[PDB]
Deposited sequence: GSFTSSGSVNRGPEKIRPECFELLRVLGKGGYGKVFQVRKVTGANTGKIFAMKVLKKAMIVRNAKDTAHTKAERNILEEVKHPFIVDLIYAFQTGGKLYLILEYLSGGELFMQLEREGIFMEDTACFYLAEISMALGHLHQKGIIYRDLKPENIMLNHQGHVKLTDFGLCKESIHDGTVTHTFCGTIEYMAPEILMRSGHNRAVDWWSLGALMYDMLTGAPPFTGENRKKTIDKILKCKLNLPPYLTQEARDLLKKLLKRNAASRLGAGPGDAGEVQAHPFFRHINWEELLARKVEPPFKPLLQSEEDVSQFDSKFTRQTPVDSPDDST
C-alpha cells in the first residue's frame, strides 16, 4: 500500500503548470532508503498508460503509480545523469562517434515505442535523460513541461519546435515518421551546434522548417551527410525509418555500421561521457 507519506522530498527536479517532479527517498518497505523521481499531477491518462506499457533499457521505468486526493503520483527510477542537452551544451559539437552512440540508443527506444503504437514527437535534447552510467533514457511522455503556453488548447508550440516535423507543425496528420525526422534534427544539432532550421522568430522558424531546404555542412562524413539527407525530408513517407522496417531501416544505415546492437541494447557499450565522473 503506497502513499505519499512513504516518500520524503529531497529537491525539485522540475515544475510547470501541469505537474511537478521531485527527487525523493523511500522511507518504508524493502526499498527503504532508495532514491526515486516522483511526478505529481493534478487530476495524463496517456502518460501513465504509456509508462506502464513500455519496458526497455533506454526508456525510463515506472516503479509505482497511485492517486491520493486529487493528485496522481508517478514514481519513476531516479536518473542522475542529467539531460542530454547538458552534454551538448558543454561539448558545443559532438564528435561523430559520440553522436552515433546516443542516436543509436535512441533509435532502439524509438523502435520499441513504435511497436507499441507510441510516437515520441519531440527529440529536442532536453527531452532525453542519461542514467548514472551515461546511457540514454527517453522520459518525456507527459502533457507539457512549460510554464507559459502557446495556444489556449493544445501543447505543440509551447516550447521550441525546432526538432518537430513539418507535418506536426501544420497539424495535417502524422505518424511515427515524425520521430525519424526529429532524430535527424537532433543529429543535426549534435554534429553542427544548432538544429537544422532556425529563424529570427517563431514565424520565421516555422517557415524554414516547412520549406525544409537542408544545408549539409561539408565537414561531416559522407555517412553522416547521407543519413541527415534521408531523415530531414519534407515528404514523411520517404524518410528513412518511415517504411515498414521502422528502426531496423535506420539502424541498417552505414552511419551506424560499427554498432553491435546486441551489445548496445545490453548496455555493454561504454558511453562517451560518464555523469559520475562529472
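Missing from the model, by position in the deposited sequence, are residues 1 to 14, 58 to 69, 305 to 329.
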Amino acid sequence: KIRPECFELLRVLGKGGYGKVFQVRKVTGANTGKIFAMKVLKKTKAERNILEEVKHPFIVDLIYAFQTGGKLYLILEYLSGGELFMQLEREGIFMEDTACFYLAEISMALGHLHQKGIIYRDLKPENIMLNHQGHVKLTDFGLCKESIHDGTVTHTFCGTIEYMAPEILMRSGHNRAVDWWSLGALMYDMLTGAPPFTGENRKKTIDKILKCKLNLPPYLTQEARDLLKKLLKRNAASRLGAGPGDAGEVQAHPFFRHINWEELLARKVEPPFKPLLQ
From here on, numbers count along this sequence of modelled residues.
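Take the two forms, find the largest set of C-alpha atoms that superpose within 1.5 Å, and that set is the rigid core.
Larger average C-alpha displacement in 9 other deposited structures of this protein, relative to the shown form after a rigid core fit, is seen for 159 to 167 when comparing 159 to 167 with 119 to 127. When the other structures are laid on the shown form by the rigid core, the stretch among 212 to 220 and 249 to 257 with the greater C-alpha deviation in 9 other deposited structures of this protein turns out to be 212 to 220. When the other compared entries with both flanking residues are checked, residue 234 is modelled in all of them, not unmodelled in a third. Of the other compared PDB entries of this protein that include residues on both sides, at least a third leave residue 149 without atoms. Just going by the entry, 208 to 216 versus 244 to 252 on mean CA temperature factor gives the higher value to 244 to 252. Between 62 to 70 and 225 to 233, the higher mean Cα B-factor belongs to 62 to 70.
Based on the entry's C-alpha B-factors, the most elevated value among 167, 150, 126, 122 belongs to 150. When the CA B factors of the chain's modelled residues are split into thirds, the value for residue 137 lands in the lowest one. Residue-level temperature factors show residue 40 in the middle third of its chain, judged at the C-alpha atom. Ranked by C-alpha B-factor against the other modelled residues of its chain, residue 83 falls in the lowest third. Per-chain ranking of the deposited C-alpha B factor places residue 101 in the middle third. In the deposited entry, the Cα temperature factor of residue 198 sits in the middle third of values across the chain's modelled residues.
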